[PDB]
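Q: Below you'll find the structure I mean.
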Amino acid sequence: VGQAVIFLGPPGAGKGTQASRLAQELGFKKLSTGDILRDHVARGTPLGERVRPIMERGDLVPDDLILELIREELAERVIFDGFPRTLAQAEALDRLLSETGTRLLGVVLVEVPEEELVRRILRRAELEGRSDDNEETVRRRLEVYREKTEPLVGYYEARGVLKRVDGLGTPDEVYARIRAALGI
C-alpha cells in the first residue's frame, strides 16, 4: 500500500512550498521528473546515456519513460508537484497508482484571487529586479495556466478527489487547510 498527493496551482500561489512542507513533515517523497532525469544524465548512468540523444535532438522525453521513472521512484508516500501536466499523463498516472496499490489522498488545488496573485508576482519581480513581469504578461501567463489546467481539474473533480483550498492567508494557515482537506 501507498499514498499519493498531487498539487496543482497557478504561479504565485506558493503551492510548491506547501508541497515541500507537507513532504518534509509527513515523510512523503516529493518527485521531480526533471531532476531525476538530469541526475541520471549527469552521473552518466545507463539510463542517462539512453535519454541523452533524445534531449540533444531537442525532442521531449516520451511519456512512457517519465511514467517508468515514476514507477522506479514510487515509495509508500509520494507527492507530485508539477506533474501531471497533460490529461494523457493524468490517465497514465492513475493506472500506475492503481497497479501499485497507491491510494490518491487528494489533488490539492490552491486557489487565490487573481488580483492578489498579480500583486504578489509584480512585487517579487520589482524586488528581484526582473523585467519580464508587467501586468499584461502576468495576466496572460495566468490565462494560459488556466487553459492548460482546466482539463486536469475536470478529470479529478469527476472522480471526487479534487480538494480546492483557499490559498490566501499565512503559509501556516494555508498549510492547516491543506492537511484538513487531505485528512492527514
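Letters A, B, ... go to the chains of the C-alpha cells in the order shown; residues in each chain start at 1; ligands are counted from 1 in the same order.
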Find the residues around residue A:32 up to 12 Å (only C-alpha atoms counted), leave out those fewer than 6 positions away in its own chain, and share them as a PyMOL selection string.
A: chain A and resi 6+16+19-20+38-39+66-67+69-70+73-74+78-84
Q: Could those selected residues go to a file with N, CA, C and O atoms, as a PDB file, in the first residue's frame?
A:
```
ATOM      1  N   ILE A   6      -1.240  15.002  -5.065  1.00  0.00           N
ATOM      2  CA  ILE A   6      -0.871  15.777  -6.218  1.00  0.00           C
ATOM      3  C   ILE A   6      -1.214  17.229  -5.930  1.00  0.00           C
ATOM      4  O   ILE A   6      -2.292  17.497  -5.405  1.00  0.00           O
ATOM      5  N   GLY A  16       4.198  25.010  -4.426  1.00  0.00           N
ATOM      6  CA  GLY A  16       5.413  24.211  -4.328  1.00  0.00           C
ATOM      7  C   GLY A  16       5.976  24.197  -2.921  1.00  0.00           C
ATOM      8  O   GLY A  16       6.438  23.176  -2.407  1.00  0.00           O
ATOM      9  N   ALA A  19       3.850  21.943  -0.877  1.00  0.00           N
ATOM     10  CA  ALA A  19       4.145  20.533  -1.192  1.00  0.00           C
ATOM     11  C   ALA A  19       5.432  20.145  -0.460  1.00  0.00           C
ATOM     12  O   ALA A  19       5.544  19.060   0.089  1.00  0.00           O
ATOM     13  N   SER A  20       6.418  21.037  -0.494  1.00  0.00           N
ATOM     14  CA  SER A  20       7.694  20.753   0.162  1.00  0.00           C
ATOM     15  C   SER A  20       7.554  20.626   1.666  1.00  0.00           C
ATOM     16  O   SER A  20       8.226  19.805   2.308  1.00  0.00           O
ATOM     17  N   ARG A  38      17.846  14.648 -15.028  1.00  0.00           N
ATOM     18  CA  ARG A  38      19.087  15.414 -15.070  1.00  0.00           C
ATOM     19  C   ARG A  38      20.178  14.689 -14.288  1.00  0.00           C
ATOM     20  O   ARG A  38      21.340  14.631 -14.713  1.00  0.00           O
ATOM     21  N   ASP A  39      19.784  14.130 -13.144  1.00  0.00           N
ATOM     22  CA  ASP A  39      20.678  13.371 -12.277  1.00  0.00           C
ATOM     23  C   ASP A  39      21.234  12.155 -13.034  1.00  0.00           C
ATOM     24  O   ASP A  39      22.438  11.892 -13.012  1.00  0.00           O
ATOM     25  N   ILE A  66       8.838   8.791 -18.700  1.00  0.00           N
ATOM     26  CA  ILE A  66       8.539   9.549 -17.491  1.00  0.00           C
ATOM     27  C   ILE A  66       7.767   8.651 -16.493  1.00  0.00           C
ATOM     28  O   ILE A  66       8.052   8.643 -15.307  1.00  0.00           O
ATOM     29  N   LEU A  67       6.759   7.938 -16.980  1.00  0.00           N
ATOM     30  CA  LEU A  67       5.998   7.059 -16.097  1.00  0.00           C
ATOM     31  C   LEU A  67       6.885   5.910 -15.579  1.00  0.00           C
ATOM     32  O   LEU A  67       6.715   5.478 -14.460  1.00  0.00           O
ATOM     33  N   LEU A  69      10.096   6.138 -14.910  1.00  0.00           N
ATOM     34  CA  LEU A  69      10.888   6.743 -13.838  1.00  0.00           C
ATOM     35  C   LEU A  69      10.070   6.928 -12.576  1.00  0.00           C
ATOM     36  O   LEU A  69      10.579   6.769 -11.481  1.00  0.00           O
ATOM     37  N   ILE A  70       8.801   7.318 -12.723  1.00  0.00           N
ATOM     38  CA  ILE A  70       7.968   7.461 -11.544  1.00  0.00           C
ATOM     39  C   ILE A  70       7.761   6.080 -10.881  1.00  0.00           C
ATOM     40  O   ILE A  70       7.802   5.949  -9.634  1.00  0.00           O
ATOM     41  N   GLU A  73      10.594   5.165  -8.851  1.00  0.00           N
ATOM     42  CA  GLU A  73      10.633   6.097  -7.725  1.00  0.00           C
ATOM     43  C   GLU A  73       9.460   6.033  -6.769  1.00  0.00           C
ATOM     44  O   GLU A  73       9.535   6.643  -5.705  1.00  0.00           O
ATOM     45  N   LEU A  74       8.383   5.325  -7.110  1.00  0.00           N
ATOM     46  CA  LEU A  74       7.275   5.272  -6.170  1.00  0.00           C
ATOM     47  C   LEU A  74       7.895   4.666  -4.899  1.00  0.00           C
ATOM     48  O   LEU A  74       8.835   3.864  -4.913  1.00  0.00           O
ATOM     49  N   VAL A  78       4.239   9.451  -1.655  1.00  0.00           N
ATOM     50  CA  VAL A  78       4.787  10.291  -2.694  1.00  0.00           C
ATOM     51  C   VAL A  78       3.914  11.529  -2.948  1.00  0.00           C
ATOM     52  O   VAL A  78       2.674  11.443  -2.840  1.00  0.00           O
ATOM     53  N   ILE A  79       4.594  12.614  -3.314  1.00  0.00           N
ATOM     54  CA  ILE A  79       3.981  13.908  -3.679  1.00  0.00           C
ATOM     55  C   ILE A  79       4.424  14.298  -5.078  1.00  0.00           C
ATOM     56  O   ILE A  79       5.596  14.149  -5.471  1.00  0.00           O
ATOM     57  N   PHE A  80       3.439  14.750  -5.867  1.00  0.00           N
ATOM     58  CA  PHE A  80       3.667  15.219  -7.207  1.00  0.00           C
ATOM     59  C   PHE A  80       3.399  16.712  -7.194  1.00  0.00           C
ATOM     60  O   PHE A  80       2.368  17.131  -6.708  1.00  0.00           O
ATOM     61  N   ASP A  81       4.327  17.488  -7.738  1.00  0.00           N
ATOM     62  CA  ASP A  81       4.199  18.943  -7.783  1.00  0.00           C
ATOM     63  C   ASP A  81       4.798  19.280  -9.159  1.00  0.00           C
ATOM     64  O   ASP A  81       5.997  19.156  -9.363  1.00  0.00           O
ATOM     65  N   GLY A  82       3.963  19.659 -10.102  1.00  0.00           N
ATOM     66  CA  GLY A  82       4.468  19.925 -11.436  1.00  0.00           C
ATOM     67  C   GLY A  82       4.190  18.764 -12.393  1.00  0.00           C
ATOM     68  O   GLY A  82       4.688  18.756 -13.532  1.00  0.00           O
ATOM     69  N   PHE A  83       3.415  17.780 -11.916  1.00  0.00           N
ATOM     70  CA  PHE A  83       3.017  16.599 -12.685  1.00  0.00           C
ATOM     71  C   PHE A  83       1.712  16.044 -12.080  1.00  0.00           C
ATOM     72  O   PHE A  83       1.556  16.022 -10.866  1.00  0.00           O
ATOM     73  N   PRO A  84       0.746  15.594 -12.921  1.00  0.00           N
ATOM     74  CA  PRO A  84       0.795  15.575 -14.387  1.00  0.00           C
ATOM     75  C   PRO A  84       0.610  16.955 -14.998  1.00  0.00           C
ATOM     76  O   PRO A  84       0.112  17.870 -14.345  1.00  0.00           O
TER      77      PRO A  84
END
```
Q: Which residues come within 12 Å of residue A:157, counting only C-alpha atoms, excluding same-chain residues fewer than 5 positions away, as a PDB file with N, CA, C and O atoms, in the first residue's frame?
A:
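Result file is out-v1.pdb:
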```pdb
ATOM      1  N   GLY A 106      -5.706  12.888  -2.482  1.00  0.00           N
ATOM      2  CA  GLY A 106      -6.350  14.095  -2.979  1.00  0.00           C
ATOM      3  C   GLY A 106      -5.467  14.843  -3.956  1.00  0.00           C
ATOM      4  O   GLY A 106      -4.270  14.584  -4.053  1.00  0.00           O
ATOM      5  N   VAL A 107      -6.091  15.725  -4.735  1.00  0.00           N
ATOM      6  CA  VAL A 107      -5.392  16.576  -5.665  1.00  0.00           C
ATOM      7  C   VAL A 107      -5.694  17.961  -5.107  1.00  0.00           C
ATOM      8  O   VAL A 107      -6.816  18.443  -5.169  1.00  0.00           O
ATOM      9  N   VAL A 108      -4.681  18.571  -4.526  1.00  0.00           N
ATOM     10  CA  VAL A 108      -4.829  19.889  -3.904  1.00  0.00           C
ATOM     11  C   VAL A 108      -4.798  20.981  -4.967  1.00  0.00           C
ATOM     12  O   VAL A 108      -3.853  21.064  -5.742  1.00  0.00           O
ATOM     13  N   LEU A 109      -5.847  21.815  -5.005  1.00  0.00           N
ATOM     14  CA  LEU A 109      -5.879  22.920  -5.964  1.00  0.00           C
ATOM     15  C   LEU A 109      -5.884  24.191  -5.127  1.00  0.00           C
ATOM     16  O   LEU A 109      -6.897  24.508  -4.487  1.00  0.00           O
ATOM     17  N   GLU A 150      -7.360  23.506 -16.648  1.00  0.00           N
ATOM     18  CA  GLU A 150      -8.777  23.192 -16.565  1.00  0.00           C
ATOM     19  C   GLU A 150      -9.145  21.709 -16.864  1.00  0.00           C
ATOM     20  O   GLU A 150      -9.996  21.143 -16.174  1.00  0.00           O
ATOM     21  N   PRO A 151      -8.542  21.081 -17.901  1.00  0.00           N
ATOM     22  CA  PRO A 151      -8.865  19.683 -18.206  1.00  0.00           C
ATOM     23  C   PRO A 151      -8.464  18.767 -17.053  1.00  0.00           C
ATOM     24  O   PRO A 151      -9.131  17.796 -16.805  1.00  0.00           O
ATOM     25  N   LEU A 152      -7.387  19.100 -16.339  1.00  0.00           N
ATOM     26  CA  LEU A 152      -6.987  18.276 -15.188  1.00  0.00           C
ATOM     27  C   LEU A 152      -7.949  18.473 -14.035  1.00  0.00           C
ATOM     28  O   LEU A 152      -8.280  17.537 -13.307  1.00  0.00           O
ATOM     29  N   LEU A 162     -10.668  15.981  -6.073  1.00  0.00           N
ATOM     30  CA  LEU A 162     -10.135  17.359  -6.094  1.00  0.00           C
ATOM     31  C   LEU A 162     -10.417  18.013  -4.738  1.00  0.00           C
ATOM     32  O   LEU A 162     -11.535  17.938  -4.213  1.00  0.00           O
ATOM     33  N   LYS A 163      -9.401  18.653  -4.180  1.00  0.00           N
ATOM     34  CA  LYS A 163      -9.513  19.334  -2.888  1.00  0.00           C
ATOM     35  C   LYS A 163      -9.164  20.795  -3.149  1.00  0.00           C
ATOM     36  O   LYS A 163      -7.986  21.153  -3.279  1.00  0.00           O
ATOM     37  N   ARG A 164     -10.193  21.631  -3.275  1.00  0.00           N
ATOM     38  CA  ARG A 164      -9.986  23.049  -3.518  1.00  0.00           C
ATOM     39  C   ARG A 164      -9.676  23.656  -2.170  1.00  0.00           C
ATOM     40  O   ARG A 164     -10.410  23.453  -1.184  1.00  0.00           O
TER      41      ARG A 164
END
```
Q: Which of these, A:184, A:1, A:22, A:61, has the shortest distance to residue A:105 once you count only C-alpha atoms?
A: A:184
Q: Work out how far apart atom CA of residue A:59 and atom CA of residue A:15 are and give it in Å to one decimal.
A: 28.6 Å
Q: Compile the contact shell of stretch 118-125 of chain A as a list in words: residues with an atom at most 8 Å away, counting only C-alpha atoms, same-chain residues fewer than 2 positions apart removed.
A: residues 12, 114, 115, 116, 127, 128, 129, 130, 131, 133, 134, 135, 138 and 139 of chain A
Q: Could you take the residues named above and write them with C-alpha atoms, as a compact mmCIF listing (two decimals), in the first residue's frame?
A:
```
# COMPACT_ATOMS: atom_id res chain seq x y z
CA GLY A 12 2.29 32.87 -7.16
CA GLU A 114 -6.24 36.88 -9.43
CA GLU A 115 -5.70 40.42 -8.21
CA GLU A 116 -3.65 39.04 -5.28
CA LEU A 127 12.24 43.42 -5.66
CA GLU A 128 14.29 40.85 -7.63
CA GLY A 129 14.85 43.33 -10.46
CA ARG A 130 13.08 41.20 -13.09
CA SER A 131 12.00 42.92 -16.32
CA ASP A 133 6.83 40.67 -15.44
CA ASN A 134 4.42 43.54 -16.20
CA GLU A 135 0.65 43.38 -15.59
CA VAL A 138 1.45 38.16 -15.84
CA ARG A 139 -2.30 38.13 -16.56
```
Q: Which of these residues is nearest to residue A:55, using only C-alpha atoms: A:102, A:37, A:71, A:171?
A: A:37
Q: Considering only C-alpha atoms, can you say which of A:132, A:111, A:173, A:68 comes closest to residue A:33?
A: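 Residue with the minimum atom-to-atom distance to residue A:33: A:68.
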Q: Please identify the helix (DSSP H, G or I) residues within stretch 4-48 of chain A (assignment by DSSP from backbone atoms) and present them as a list in words.
A: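 Those in stretch 4-48 of chain A that DSSP calls helix (DSSP H, G or I) are residues 15, 16, 17, 18, 19, 20, 21, 22, 23, 24, 25, 26, 33, 34, 35, 36, 37, 38, 39, 40, 41, 42, 46, 47 and 48 of chain A.
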Q: Residues of stretch 6-180 of chain A classed as strand (DSSP E or B) by DSSP on the backbone are to be reported as a list in words.
A: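 Across stretch 6-180 of chain A, those assigned strand (DSSP E or B) are residues 6, 7, 8, 29, 30, 31, 77, 78, 79, 80, 81, 102, 103, 104, 105, 106, 107, 108, 109, 110, 111, 162, 163, 164, 165 and 166 of chain A.
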Q: From the options A:141, A:148, A:103, A:159, which residue's atoms come nearest to residue A:3, counting only C-alpha atoms?
A: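 Of the candidates, the smallest distance to residue A:3 is held by A:103.
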